[PDB]
Amino acid sequence: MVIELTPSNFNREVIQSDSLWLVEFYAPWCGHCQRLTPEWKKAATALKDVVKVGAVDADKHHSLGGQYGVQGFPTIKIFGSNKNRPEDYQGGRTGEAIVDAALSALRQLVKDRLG
């Protein structure tokens, strides 16, 4: 349900995708990330087959952590129409708040495609 993202699959899964993606950049040892885990799963399940929801261990994969300016954890990004310019998510860390942000991002995505 939450797609595990790594340097090896990030391009294929996210960058080359026309799906809306939410990506959590986390560290396993981080208490804040640990508390987010169930809420991230909650969002991923609510968004099944609507929005793709992934997670990068940015503690391990510093390459990806460095690329998206991850200085601390969790860092949440929204990958919309321009996959080269993700938006930083600064909303609430509940599944409910994340889902609302995803819906807003979808509205923006489809409206831009329409023109």
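Residue numbering: from 1, along the chain as shown.
Backbone N, Cα and C atoms are what each Cβ position is placed from, and that goes for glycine too.
Per Swiss-Prot, these features apply:
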type	residues	note
ACT_SITE	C30	active site, nucleophile
ACT_SITE	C33	active site, nucleophile
DISULFID	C30-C33	disulfide bond
MOD_RES	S104	phosphoserine
SITE	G31	site 'Contributes to redox potential value'
SITE	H32	site 'Contributes to redox potential value'
SITE	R93	site 'Lowers pKa of C-terminal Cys of first active site'
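Here the features listed in Swiss-Prot are painted onto the structure.
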| residue | record | contacts (Cβ under 8 Å, 6+ apart) |
| --- | --- | --- |
| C30 | active site, nucleophile | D59, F73, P74 |
| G31 | site 'Contributes to redox potential value' | none |
| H32 | site 'Contributes to redox potential value' | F73, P74 |
| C33 | active site, nucleophile | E24, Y26, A27, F73, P74 |
| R93 | site 'Lowers pKa of C-terminal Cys of first active site' | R35, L36, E39, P74 |
| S104 | phosphoserine | none |
